[PDB]
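These notes concern the structure reproduced below.
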Amino acid sequence: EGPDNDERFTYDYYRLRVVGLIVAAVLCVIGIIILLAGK
Amino acid sequence: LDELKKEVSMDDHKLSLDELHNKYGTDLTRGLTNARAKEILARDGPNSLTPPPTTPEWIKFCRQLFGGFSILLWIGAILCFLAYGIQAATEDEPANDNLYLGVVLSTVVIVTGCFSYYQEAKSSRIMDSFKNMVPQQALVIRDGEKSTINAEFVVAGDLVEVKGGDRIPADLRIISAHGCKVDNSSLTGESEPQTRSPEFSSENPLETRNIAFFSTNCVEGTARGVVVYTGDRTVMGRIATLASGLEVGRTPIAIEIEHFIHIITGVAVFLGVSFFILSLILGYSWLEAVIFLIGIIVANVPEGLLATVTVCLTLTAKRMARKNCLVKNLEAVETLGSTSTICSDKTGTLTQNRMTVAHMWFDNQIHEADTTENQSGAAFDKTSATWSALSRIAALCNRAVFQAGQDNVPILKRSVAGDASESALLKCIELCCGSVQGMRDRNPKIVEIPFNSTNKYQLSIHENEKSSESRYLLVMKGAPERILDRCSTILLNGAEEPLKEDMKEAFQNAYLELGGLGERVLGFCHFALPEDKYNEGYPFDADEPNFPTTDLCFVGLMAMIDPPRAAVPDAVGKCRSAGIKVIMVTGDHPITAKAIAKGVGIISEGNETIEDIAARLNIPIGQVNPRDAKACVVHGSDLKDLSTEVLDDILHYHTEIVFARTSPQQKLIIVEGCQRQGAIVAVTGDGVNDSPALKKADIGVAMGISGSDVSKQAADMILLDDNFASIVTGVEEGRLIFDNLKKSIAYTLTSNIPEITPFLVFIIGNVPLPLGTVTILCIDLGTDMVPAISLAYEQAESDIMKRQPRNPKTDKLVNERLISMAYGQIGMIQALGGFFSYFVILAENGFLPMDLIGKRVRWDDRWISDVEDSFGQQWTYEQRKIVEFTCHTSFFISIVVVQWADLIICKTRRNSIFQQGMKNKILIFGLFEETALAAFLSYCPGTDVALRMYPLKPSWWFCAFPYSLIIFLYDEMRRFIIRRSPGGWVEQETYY
Amino acid sequence: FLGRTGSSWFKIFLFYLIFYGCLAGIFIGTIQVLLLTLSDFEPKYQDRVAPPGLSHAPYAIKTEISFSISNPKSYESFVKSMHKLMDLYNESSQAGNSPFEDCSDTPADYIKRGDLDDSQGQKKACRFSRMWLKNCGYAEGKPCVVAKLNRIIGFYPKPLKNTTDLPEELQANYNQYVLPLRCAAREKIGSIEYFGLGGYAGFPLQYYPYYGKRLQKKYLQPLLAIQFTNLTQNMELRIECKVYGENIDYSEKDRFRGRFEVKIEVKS
Ligand SMILES: *[C@@H]1O[C@H](CO)[C@@H](O[C@@H]2O[C@H](CO)[C@@H](O)[C@H](O)[C@H]2NC(C)=O)[C@H](O)[C@H]1NC(C)=O
Ligand SMILES: CC(C)CCC[C@@H](C)[C@H]1CC[C@H]2[C@@H]3CC=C4C[C@@H](O)CC[C@]4(C)[C@H]3CC[C@]12C
Ligand SMILES: *[C@@H]1O[C@H](CO)[C@@H](O)[C@H](O)[C@H]1NC(C)=O
Ligand SMILES: [K+]
Ligand SMILES: [K+]
Ligand SMILES: [Mg+2]
Ligand SMILES: [Tl+]
């Protein structure tokens, strides 16, 4: 917007962290699954 | 020091009984005086063995703390505390950087110390096992009276008494004996009881009957003797010292490790000081000049590599534990793969160590029995009525019996009370005719004449199990020729017939052939006594010939030997196909040694000794060109008068070598001879007479079930199931781990470049620091760890058992070709991918690549809270630093992303991934966990403080992707060239 | 030689020359495409400069400016940087209707010169006289520090509204058009005096938004002179100058995030 362009200097680092941690966890689980296919 | 002990012993068995007493101030009848014995005790010292001085574990741990990488990491750790000290004095720095990094680095050294300490293990209790062979007490005659004393109180000169069941307390001169037999397997590896008597019977004291040795035991009878040697001075006490004293030495794998440590340490100190001066010339304060150096150290040293090696070794040892192959020393996991020569004991190693029936001669025909443990062969005969007649004599004319409670274990494995030949016959009949006890119940023995030294035969009279007869049957066995002189008829295919010169000659032929096979041959015959001349109550006199022992019916011959283990012939061939030379080294007699050599394939068909040529051509042995003989059989008595140079010529000039009737020191000498030629040597054995050789071997392998305690103490590896096929597996595993270590090392080293280059450009370019010191440790200690380990699970790219053993002088674990690829090619591509993401982060935040050159001065200036970017905006100190640390984070993640491809390319040295596939589940696990770790390290809240890791935007992850792909393509194209032309260019330049 | 023969030494050179040549050519290619995705007038991200920093002229050794009044070369270090900044706000530097403009001598509202486009020439910036900075060689005794708000493209600094309570409660509250700056230390052993545009202790909103170096060269940002004529002497005084606004925030880590950290000591 014009004088109300506050969103330009903002970033949702909170969501990014939530998503990043979700991904890291799921990649960790996936890895266990493939490894445990025989121990 | 031990050169004296490598020599054959000198003795006094040639002296008379009386003469021997003068030498030791002793009485043949009364024995020593209580006072004289105590005097000699203080004089000579105790009848005991002293363990050699060991190196304490303290010094062993700390010796690892100073080996190249640890030295550089120490210089870094201290240089951290240096810069910290210089700070705490000058400008009060409330930070924790240099202090904490110095603590972290010192911990890395200590923990890495534990890994190398675990790898360099030496579990040795040789002298302890020998000490277990000295009895607690001994029986001596002192002041004309026998008393039990502490065996350590035994001295040279006293009168000792032994009987069946006790250990020889010391080396004795036999002066009196009654039916005494002894087990000399300690000195020979052969357990057949040897008679002991006062009479001298051989110039060689290790063969004479009037000497009994410490480390052996009396098996039966009784004997008295004069002690000639005590403690360390006994024949086997010296073997003990020799074995326990032998310098261990460095393994092939250990030598390789130190070698690349020098290389990497070299480049480290080179670039280290090369850029330390390069910085001072650029006008960098010593305050900074050291900070850069610390970074250089951390970049160049692969912090997690030595521990990777250890884990890869451990994991390989775990797989072998699962095939009944125990590894006592982690490094011995690889030595077997580098082995070019095997020196093998015969008895209990190549052989089962059990007299077993091998052949039978009946119906004018040679039949072969199955000698294998698990009986993997086939039948020979069952139909012939002759067989049942021979079978009956083998069961009936036999005094051997199975021990109680064996019905669970297989026939051939069960313990038997009796001599070896009777046990063999027992197990033979029990196997192919069912319960022998049944045959001995159906035919009650009424009278017998046990085998006599003079008679040279054993006879028995039984009540024929037949109801229509129920009469008296006579059976006998003995020396083949003696049995022949007592026969008139031969049971041919059922019916008897006169013994014509024809069949008599066929007998001699059969007899000579079986004997030529190194087999012990016995004759078997029977005689159905006439009914009218022998009533159902007729008494037979065993003392005086009350019955005919002539004109009997010859039934057949039976031959026997201590046979090879089932898997041995095939394992020997497999070792030989892998280009490993196999030598036999045995305490056993030459005829037996040679026969098993041919049986297992040590001596291949057609190959001759000089003696064979001479007999065939009917010419003198001196007339034979010795170069025409590729095979040789050396008796220990001849070995004794040969110099090592002459032993070296024997080793060089023959492909098929048999060393027979060797002493324990002689086995050591042969091993050393092989090593002297530059060969990596394995020893396989099971007896205490293998202990020195096992110790000196680059790798000693002991048998687990049949092995003596001493042998297993002297070994690096134990075959827990006595499965000789495990040697073949071991060499295969050893070669595979050697290749996989290269892959894992290249992989680990490759990521050094993207950690070095940022520090260099930081100096030469004056740009903001692309990657931090902490960030490097997150790679080498964190992300790269599981992937690097996973390479240990790689399958072979080709048939490794088809290639020759590596040349330890030329074929190195880390060579110039590895460095060229890891440092010069792939690592260089990784460095760029790192920098790219760095320029991306900065440029998208407003600092375009052009304006970055020569800005670090203002960038690092803590007091400039208004640096201008390319777009004209102003940044505080902490603001721009957040972007900088975000650059460290994405550079870090870029390494991870480019290591994805590197992990896949390091999978194979030659083959394509499209050929080898992706069947390594540990490797795939590594990829997932590596990426999980990196993501966690970036996105987990609080990690921005502890590790300076900042959250990355999704687009950031993909910066290095095009570089990751170029790596995959590049290496795939390169290896395509290797395969397409075995010529050499790409091969001799980059082929690891 | 060391490794190989001359023929081999050559081939290994011909390779790495072509190899590294290609790699350099590829690296440059990826840099090209990166630049191609970026604007010339505005950076892709601005969240890392977001809350504006407040920086001053006196180059602090460590957020500190200690000196002796009874000594000449004791403050000549801080006068060097003070001069460096003010030397830019010269009248001879601001000449003609291009590219400067005379703007309200009293704090006014924002000025939009269109978009971040080159569809116009150099966007005309408001003039600023260093003569608006009353009282301030500089203050040889009791320094005359000069404040500054960090430039951010397209940033509209918004003052706080007088809805509730305020630190400098309602005094000279030019609510609509002034971004205030109140310095503080309890510990009240000083004498705060502020100088600026229109005589206000703030930044005139008529200098915003900044259009960037590419679209606005020679642009001048508003200054706020602060004088501490403290009646005290020979002691470290921790003085913090704070700016207030809707778009202004602070951090415990970044001690320059919309605020000062000055340790004055007139040890004379
Ligand atoms: C910006 O203004 C300052 C004001 O002090 C100028 O400093 C002048 O320097 C000259 C020569 O050194 C002196 O004779 C004067 O006394 C100073 N003041 C004035 C008001 O003229 C400085 O030269 C100016 N800078 C530029 C680039 O124009
Ligand atoms: C950051 C940049 C400027 C550094 C570049 C370093 C280059 C020149 C280095 C890195 C790895 C190096 C190579 C590594 C391996 C070998 C194989 C060896 O048998 C001869 C030297 C040779 C061929 C080296 C020559 C120089 C080399 C290519
Ligand atoms: C600032 O200077 C003016 C003259 O320009 C003078 O009248 C005044 O006293 C000075 N102010 C202070 C607080 O010293
Ligand atoms: K050994
Ligand atoms: K590394
Ligand atoms: Mg043996
Ligand atoms: Tl490293």
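So you can find residues: chains in the structure tokens are A, B, ... in the order shown, residues in each start at 1, and ligands are numbered from 1 in order.
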(message) At a cut-off of 12 Å, which residues of chain A touch chain C? Count only C-alpha atoms and give the answer as a PyMOL selection string.
(response) chain A and resi 1-13
(request) Enumerate as a VMD selection string the residues belonging to chain C that approach chain B to within 9 Å, with only C-alpha atoms taken into account. (result) chain C and resid 3 12 16 19 to 20 23 to 24 27 30 to 31 34 to 35 38 40 to 49 52 to 56 59 to 63 149 to 153 212 to 214 217 253 to 257
(request) Using only C-alpha atoms, select each residue of chain B with any atom at most 8 Å away from an atom of chain A, and give the selection as a list in words. (result)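 My answer is residues 921, 922, 924, 925, 926, 928, 929, 931, 932, 933, 935, 936, 939, 940, 941, 951 and 953 of chain B.
Comparing B:357, B:187, B:484, B:424 by their smallest distance to ligand 6, the closest is B:187 (using only C-alpha atoms and all ligand atoms).
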(request) Name the residues, by chain letter and number, that sit within 7 Å of ligand 7 using only C-alpha atoms and all ligand atoms, and give them as a list in words. (result) residues 298, 299, 300, 301, 302, 303, 752, 755, 776 and 780 of chain B
(request) Could you give me, as a list in words, every polymer residue with an atom at most 10 Å away from an atom of ligand 4, counting only C-alpha atoms and all ligand atoms? (result)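 Selection of residues at most 10 Å from ligand 4: residues 122, 246, 247, 248, 249, 250, 251, 329, 332, 681, 682, 683, 691, 692, 693, 694, 695, 696, 697, 698, 699, 700, 701, 714, 715, 716 and 717 of chain B.
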(message) Residues of range 126-203 of chain C classed as strand (DSSP E) by DSSP on the backbone are to be reported as JSON, numbers by chain.
(response) {"C": [126, 146, 147, 148, 178, 179, 180, 181, 182, 183, 184, 192, 193, 194, 195, 202, 203]}
Write the residues you've just listed into a file as a short mmCIF file (atom, residue, chain, number, x, y, z; two decimals), in the first residue's frame, and include N, CA and C atoms for each of them.
data_model
loop_
_atom_site.label_atom_id
_atom_site.label_comp_id
_atom_site.auth_asym_id
_atom_site.auth_seq_id
_atom_site.Cartn_x
_atom_site.Cartn_y
_atom_site.Cartn_z
N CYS C 126 14.20 17.09 -0.36
CA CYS C 126 14.08 18.29 0.45
C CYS C 126 15.44 18.78 0.92
N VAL C 146 25.12 14.80 17.40
CA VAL C 146 24.16 14.87 16.29
C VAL C 146 23.57 13.49 15.97
N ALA C 147 22.26 13.37 16.11
CA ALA C 147 21.54 12.12 15.86
C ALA C 147 21.13 11.97 14.39
N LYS C 148 20.69 10.76 14.03
CA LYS C 148 20.36 10.41 12.65
C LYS C 148 19.54 9.12 12.59
N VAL C 178 5.81 14.84 13.48
CA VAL C 178 7.15 14.80 14.11
C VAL C 178 7.48 13.46 14.77
N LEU C 179 8.64 12.90 14.42
CA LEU C 179 9.17 11.69 15.05
C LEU C 179 10.13 12.06 16.19
N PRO C 180 9.65 12.01 17.45
CA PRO C 180 10.37 12.56 18.61
C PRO C 180 11.63 11.79 18.99
N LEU C 181 12.55 12.48 19.66
CA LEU C 181 13.77 11.89 20.19
C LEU C 181 14.08 12.47 21.57
N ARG C 182 13.86 11.66 22.60
CA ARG C 182 14.07 12.08 23.98
C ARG C 182 15.20 11.27 24.61
N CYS C 183 16.27 11.97 25.00
CA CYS C 183 17.41 11.35 25.66
C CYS C 183 17.22 11.32 27.17
N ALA C 184 17.73 10.26 27.81
CA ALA C 184 17.60 10.09 29.26
C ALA C 184 18.84 9.43 29.86
N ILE C 192 19.41 18.40 29.15
CA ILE C 192 19.09 18.06 27.76
C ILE C 192 18.59 19.26 26.96
N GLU C 193 19.19 19.47 25.79
CA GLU C 193 18.82 20.55 24.88
C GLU C 193 18.81 20.02 23.46
N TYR C 194 17.65 20.09 22.80
CA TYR C 194 17.50 19.54 21.46
C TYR C 194 17.37 20.62 20.39
N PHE C 195 18.00 20.38 19.25
CA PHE C 195 17.93 21.28 18.10
C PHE C 195 17.56 20.50 16.85
N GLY C 202 12.67 16.39 16.81
CA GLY C 202 12.30 15.23 16.01
C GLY C 202 12.79 15.28 14.57
N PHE C 203 12.21 14.41 13.75
CA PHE C 203 12.52 14.37 12.32
C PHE C 203 11.29 14.75 11.51
#
(request) Determine, counting only C-alpha atoms, which protein, DNA and RNA residues have an atom within 10 Å of an atom of residue 405 in chain B; residues of the same chain fewer than 3 positions away are not included. Present the result as a list in words. (result)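 Result of the neighbour search: residues 402, 408, 409, 414 and 415 of chain B.
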(message) One number please: CA of residue 112 in chain B to CA of residue 744 in chain B, in Å, one decimal.
(response)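 So the answer is 17.3 Å.
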Find the spatial neighbours of range 84-94 of chain C, counting only C-alpha atoms, within a cut-off of 12 Å - ignore same-chain residues fewer than 6 positions away - and output them as a PDB file with N, CA, C and O atoms, in the first residue's frame.
ATOM      1  N   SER C  55      21.850   6.260  14.604  1.00  0.00           N
ATOM      2  CA  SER C  55      23.303   6.426  14.685  1.00  0.00           C
ATOM      3  C   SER C  55      23.688   7.900  14.815  1.00  0.00           C
ATOM      4  O   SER C  55      22.990   8.774  14.303  1.00  0.00           O
ATOM      5  N   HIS C  56      24.790   8.167  15.513  1.00  0.00           N
ATOM      6  CA  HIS C  56      25.278   9.535  15.697  1.00  0.00           C
ATOM      7  C   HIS C  56      26.660   9.772  15.093  1.00  0.00           C
ATOM      8  O   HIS C  56      27.350   8.828  14.699  1.00  0.00           O
ATOM      9  N   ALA C  57      27.047  11.044  15.029  1.00  0.00           N
ATOM     10  CA  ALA C  57      28.322  11.450  14.446  1.00  0.00           C
ATOM     11  C   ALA C  57      29.543  11.155  15.329  1.00  0.00           C
ATOM     12  O   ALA C  57      30.527  10.609  14.826  1.00  0.00           O
ATOM     13  N   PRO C  58      29.497  11.515  16.634  1.00  0.00           N
ATOM     14  CA  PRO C  58      30.673  11.241  17.467  1.00  0.00           C
ATOM     15  C   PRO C  58      31.058   9.760  17.456  1.00  0.00           C
ATOM     16  O   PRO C  58      30.358   8.927  18.041  1.00  0.00           O
ATOM     17  N   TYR C  59      32.158   9.455  16.769  1.00  0.00           N
ATOM     18  CA  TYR C  59      32.666   8.092  16.643  1.00  0.00           C
ATOM     19  C   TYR C  59      33.115   7.568  18.004  1.00  0.00           C
ATOM     20  O   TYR C  59      34.195   7.906  18.497  1.00  0.00           O
ATOM     21  N   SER C  77      39.457  14.376  18.067  1.00  0.00           N
ATOM     22  CA  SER C  77      39.137  13.098  17.440  1.00  0.00           C
ATOM     23  C   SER C  77      37.650  13.016  17.093  1.00  0.00           C
ATOM     24  O   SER C  77      37.283  12.559  16.007  1.00  0.00           O
ATOM     25  N   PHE C  78      36.807  13.469  18.019  1.00  0.00           N
ATOM     26  CA  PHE C  78      35.356  13.443  17.845  1.00  0.00           C
ATOM     27  C   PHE C  78      34.875  14.554  16.909  1.00  0.00           C
ATOM     28  O   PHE C  78      33.827  14.423  16.278  1.00  0.00           O
ATOM     29  N   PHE C 100      17.461  19.629  -5.823  1.00  0.00           N
ATOM     30  CA  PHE C 100      16.896  19.998  -4.524  1.00  0.00           C
ATOM     31  C   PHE C 100      15.647  20.875  -4.606  1.00  0.00           C
ATOM     32  O   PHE C 100      15.398  21.536  -5.617  1.00  0.00           O
ATOM     33  N   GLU C 101      14.871  20.874  -3.523  1.00  0.00           N
ATOM     34  CA  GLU C 101      13.651  21.665  -3.417  1.00  0.00           C
ATOM     35  C   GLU C 101      13.516  22.275  -2.027  1.00  0.00           C
ATOM     36  O   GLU C 101      13.836  21.633  -1.025  1.00  0.00           O
ATOM     37  N   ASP C 102      13.034  23.515  -1.978  1.00  0.00           N
ATOM     38  CA  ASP C 102      12.714  24.164  -0.714  1.00  0.00           C
ATOM     39  C   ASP C 102      11.411  23.588  -0.165  1.00  0.00           C
ATOM     40  O   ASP C 102      10.361  23.680  -0.804  1.00  0.00           O
ATOM     41  N   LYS C 124      13.245  14.571  -6.590  1.00  0.00           N
ATOM     42  CA  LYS C 124      13.756  15.763  -5.925  1.00  0.00           C
ATOM     43  C   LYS C 124      13.637  15.681  -4.404  1.00  0.00           C
ATOM     44  O   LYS C 124      12.551  15.460  -3.863  1.00  0.00           O
ATOM     45  N   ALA C 125      14.769  15.853  -3.727  1.00  0.00           N
ATOM     46  CA  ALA C 125      14.836  15.745  -2.274  1.00  0.00           C
ATOM     47  C   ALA C 125      14.706  17.102  -1.591  1.00  0.00           C
ATOM     48  O   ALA C 125      15.062  18.135  -2.165  1.00  0.00           O
ATOM     49  N   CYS C 126      14.195  17.088  -0.363  1.00  0.00           N
ATOM     50  CA  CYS C 126      14.079  18.294   0.448  1.00  0.00           C
ATOM     51  C   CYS C 126      15.441  18.783   0.920  1.00  0.00           C
ATOM     52  O   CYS C 126      16.286  17.994   1.348  1.00  0.00           O
ATOM     53  N   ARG C 127      15.643  20.096   0.829  1.00  0.00           N
ATOM     54  CA  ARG C 127      16.841  20.748   1.341  1.00  0.00           C
ATOM     55  C   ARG C 127      16.865  20.681   2.860  1.00  0.00           C
ATOM     56  O   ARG C 127      15.817  20.602   3.497  1.00  0.00           O
ATOM     57  N   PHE C 128      18.062  20.707   3.434  1.00  0.00           N
ATOM     58  CA  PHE C 128      18.217  20.774   4.881  1.00  0.00           C
ATOM     59  C   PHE C 128      19.424  21.629   5.233  1.00  0.00           C
ATOM     60  O   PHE C 128      20.555  21.313   4.853  1.00  0.00           O
ATOM     61  N   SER C 129      19.168  22.720   5.949  1.00  0.00           N
ATOM     62  CA  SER C 129      20.222  23.629   6.374  1.00  0.00           C
ATOM     63  C   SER C 129      20.820  23.170   7.693  1.00  0.00           C
ATOM     64  O   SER C 129      20.096  22.911   8.658  1.00  0.00           O
ATOM     65  N   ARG C 130      22.145  23.071   7.724  1.00  0.00           N
ATOM     66  CA  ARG C 130      22.873  22.800   8.959  1.00  0.00           C
ATOM     67  C   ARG C 130      22.688  23.958   9.938  1.00  0.00           C
ATOM     68  O   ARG C 130      23.010  23.848  11.123  1.00  0.00           O
ATOM     69  N   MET C 131      22.154  25.062   9.420  1.00  0.00           N
ATOM     70  CA  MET C 131      21.852  26.254  10.206  1.00  0.00           C
ATOM     71  C   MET C 131      20.615  26.077  11.090  1.00  0.00           C
ATOM     72  O   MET C 131      20.402  26.856  12.024  1.00  0.00           O
ATOM     73  N   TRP C 132      19.805  25.058  10.796  1.00  0.00           N
ATOM     74  CA  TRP C 132      18.698  24.663  11.672  1.00  0.00           C
ATOM     75  C   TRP C 132      19.229  24.048  12.964  1.00  0.00           C
ATOM     76  O   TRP C 132      18.506  23.947  13.960  1.00  0.00           O
ATOM     77  N   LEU C 133      20.490  23.633  12.930  1.00  0.00           N
ATOM     78  CA  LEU C 133      21.159  23.045  14.082  1.00  0.00           C
ATOM     79  C   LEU C 133      21.851  24.146  14.879  1.00  0.00           C
ATOM     80  O   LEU C 133      23.048  24.399  14.717  1.00  0.00           O
ATOM     81  N   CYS C 136      25.408  24.445  17.215  1.00  0.00           N
ATOM     82  CA  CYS C 136      26.403  23.560  16.596  1.00  0.00           C
ATOM     83  C   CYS C 136      25.971  23.080  15.201  1.00  0.00           C
ATOM     84  O   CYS C 136      25.759  21.887  14.965  1.00  0.00           O
ATOM     85  N   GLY C 137      35.001  24.942  15.227  1.00  0.00           N
ATOM     86  CA  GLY C 137      35.000  23.835  16.178  1.00  0.00           C
ATOM     87  C   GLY C 137      33.674  23.675  16.895  1.00  0.00           C
ATOM     88  O   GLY C 137      32.843  24.587  16.890  1.00  0.00           O
ATOM     89  N   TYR C 138      33.482  22.513  17.515  1.00  0.00           N
ATOM     90  CA  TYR C 138      32.240  22.200  18.228  1.00  0.00           C
ATOM     91  C   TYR C 138      32.398  22.355  19.732  1.00  0.00           C
ATOM     92  O   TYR C 138      33.389  22.920  20.204  1.00  0.00           O
ATOM     93  N   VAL C 145      26.228  16.491  20.447  1.00  0.00           N
ATOM     94  CA  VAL C 145      25.999  15.277  19.632  1.00  0.00           C
ATOM     95  C   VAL C 145      24.915  15.440  18.554  1.00  0.00           C
ATOM     96  O   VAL C 145      23.915  16.127  18.769  1.00  0.00           O
ATOM     97  N   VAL C 146      25.120  14.804  17.401  1.00  0.00           N
ATOM     98  CA  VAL C 146      24.165  14.866  16.287  1.00  0.00           C
ATOM     99  C   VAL C 146      23.574  13.489  15.970  1.00  0.00           C
ATOM    100  O   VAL C 146      24.297  12.570  15.593  1.00  0.00           O
ATOM    101  N   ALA C 147      22.257  13.373  16.112  1.00  0.00           N
ATOM    102  CA  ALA C 147      21.536  12.125  15.861  1.00  0.00           C
ATOM    103  C   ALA C 147      21.130  11.966  14.394  1.00  0.00           C
ATOM    104  O   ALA C 147      21.197  12.923  13.619  1.00  0.00           O
ATOM    105  N   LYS C 148      20.694  10.758  14.035  1.00  0.00           N
ATOM    106  CA  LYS C 148      20.357  10.412  12.653  1.00  0.00           C
ATOM    107  C   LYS C 148      19.542   9.117  12.587  1.00  0.00           C
ATOM    108  O   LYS C 148      19.873   8.137  13.256  1.00  0.00           O
ATOM    109  N   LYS C 217      20.037  10.360  -5.601  1.00  0.00           N
ATOM    110  CA  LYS C 217      21.393  10.705  -5.181  1.00  0.00           C
ATOM    111  C   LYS C 217      21.397  12.139  -4.654  1.00  0.00           C
ATOM    112  O   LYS C 217      20.502  12.929  -4.976  1.00  0.00           O
ATOM    113  N   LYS C 218      22.399  12.461  -3.837  1.00  0.00           N
ATOM    114  CA  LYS C 218      22.525  13.782  -3.202  1.00  0.00           C
ATOM    115  C   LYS C 218      21.428  14.061  -2.161  1.00  0.00           C
ATOM    116  O   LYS C 218      21.464  15.092  -1.484  1.00  0.00           O
ATOM    117  N   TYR C 219      20.469  13.139  -2.041  1.00  0.00           N
ATOM    118  CA  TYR C 219      19.417  13.192  -1.022  1.00  0.00           C
ATOM    119  C   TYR C 219      19.990  13.459   0.368  1.00  0.00           C
ATOM    120  O   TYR C 219      21.053  12.947   0.720  1.00  0.00           O
ATOM    121  N   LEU C 220      19.277  14.261   1.153  1.00  0.00           N
ATOM    122  CA  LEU C 220      19.689  14.556   2.521  1.00  0.00           C
ATOM    123  C   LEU C 220      18.640  14.142   3.539  1.00  0.00           C
ATOM    124  O   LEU C 220      17.466  14.506   3.430  1.00  0.00           O
ATOM    125  N   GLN C 221      19.084  13.369   4.524  1.00  0.00           N
ATOM    126  CA  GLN C 221      18.236  12.911   5.613  1.00  0.00           C
ATOM    127  C   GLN C 221      18.268  13.924   6.754  1.00  0.00           C
ATOM    128  O   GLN C 221      19.297  14.552   6.991  1.00  0.00           O
ATOM    129  N   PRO C 222      17.138  14.085   7.469  1.00  0.00           N
ATOM    130  CA  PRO C 222      17.074  15.057   8.561  1.00  0.00           C
ATOM    131  C   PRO C 222      17.986  14.708   9.740  1.00  0.00           C
ATOM    132  O   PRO C 222      18.142  13.534  10.085  1.00  0.00           O
ATOM    133  N   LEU C 223      18.580  15.735  10.339  1.00  0.00           N
ATOM    134  CA  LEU C 223      19.432  15.574  11.512  1.00  0.00           C
ATOM    135  C   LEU C 223      18.778  16.172  12.749  1.00  0.00           C
ATOM    136  O   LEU C 223      17.927  17.054  12.646  1.00  0.00           O
ATOM    137  N   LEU C 224      19.191  15.687  13.915  1.00  0.00           N
ATOM    138  CA  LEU C 224      18.709  16.212  15.181  1.00  0.00           C
ATOM    139  C   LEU C 224      19.881  16.429  16.128  1.00  0.00           C
ATOM    140  O   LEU C 224      20.405  15.474  16.710  1.00  0.00           O
ATOM    141  N   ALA C 225      20.291  17.687  16.272  1.00  0.00           N
ATOM    142  CA  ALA C 225      21.386  18.044  17.168  1.00  0.00           C
ATOM    143  C   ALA C 225      20.939  17.987  18.625  1.00  0.00           C
ATOM    144  O   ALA C 225      19.861  18.474  18.972  1.00  0.00           O
TER     145      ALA C 225
END
(request) Write out as an MDAnalysis selection string the residues lying within 10 Å of range 532-547 of chain B, counting only C-alpha atoms and excluding same-chain residues fewer than 4 positions away. (result) chainID B and resid 446:450 459:461 463 470:472 474
(request) Could you pull out the residues sitting within 6 Å of ligand 6, using only C-alpha atoms and all ligand atoms, and write them as number ranges by chain? (result) B: 189, 345-349, 685-687
(request) Let me have all residues with an atom within 10 Å of ligand 2, counting only C-alpha atoms and all ligand atoms, laid out as an MDAnalysis selection string. (result) (chainID B and resid 753:754 756:761 815:825 827:828 831 988:990) or (chainID C and resid 2:4 8:9 11:13 15:17 20)
(request) Could you check how far CA of residue 238 in chain B sits from CA of residue 649 in chain B, in Å to one decimal? (result) 28.3 Å
(message) Please find the residues contacting ligand 3 at a distance of at most 9 Å between atoms, with only C-alpha atoms and all ligand atoms counted, and report them as a ChimeraX atom specification.
(response) /C:134-136,193,227-229
(request) Write down as a PyMOL selection string the residues belonging to range 15-251 of chain C that are assigned helix (DSSP H, G or I) by DSSP computed on the backbone. (result) chain C and resi 15-36+72-74+76-89+91-93+130-132+197-199+205-207
(message) Report, in Å to a single decimal, how far apart CA of residue 243 in chain C and CA of residue 81 in chain C are.
(response) 22.3 Å
(request) Between B:475, B:75, B:313, B:901, single out the one closest to residue 118 in chain B, counting only C-alpha atoms. (result)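 Of the candidates, the smallest distance to residue 118 in chain B is held by B:313.
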(message) What's around residue 456 in chain B at 6 Å? Count only C-alpha atoms, leave out sequence neighbours fewer than 3 positions away in its own chain, and write the answer as a ChimeraX atom specification.
(response) /B:452-453,478
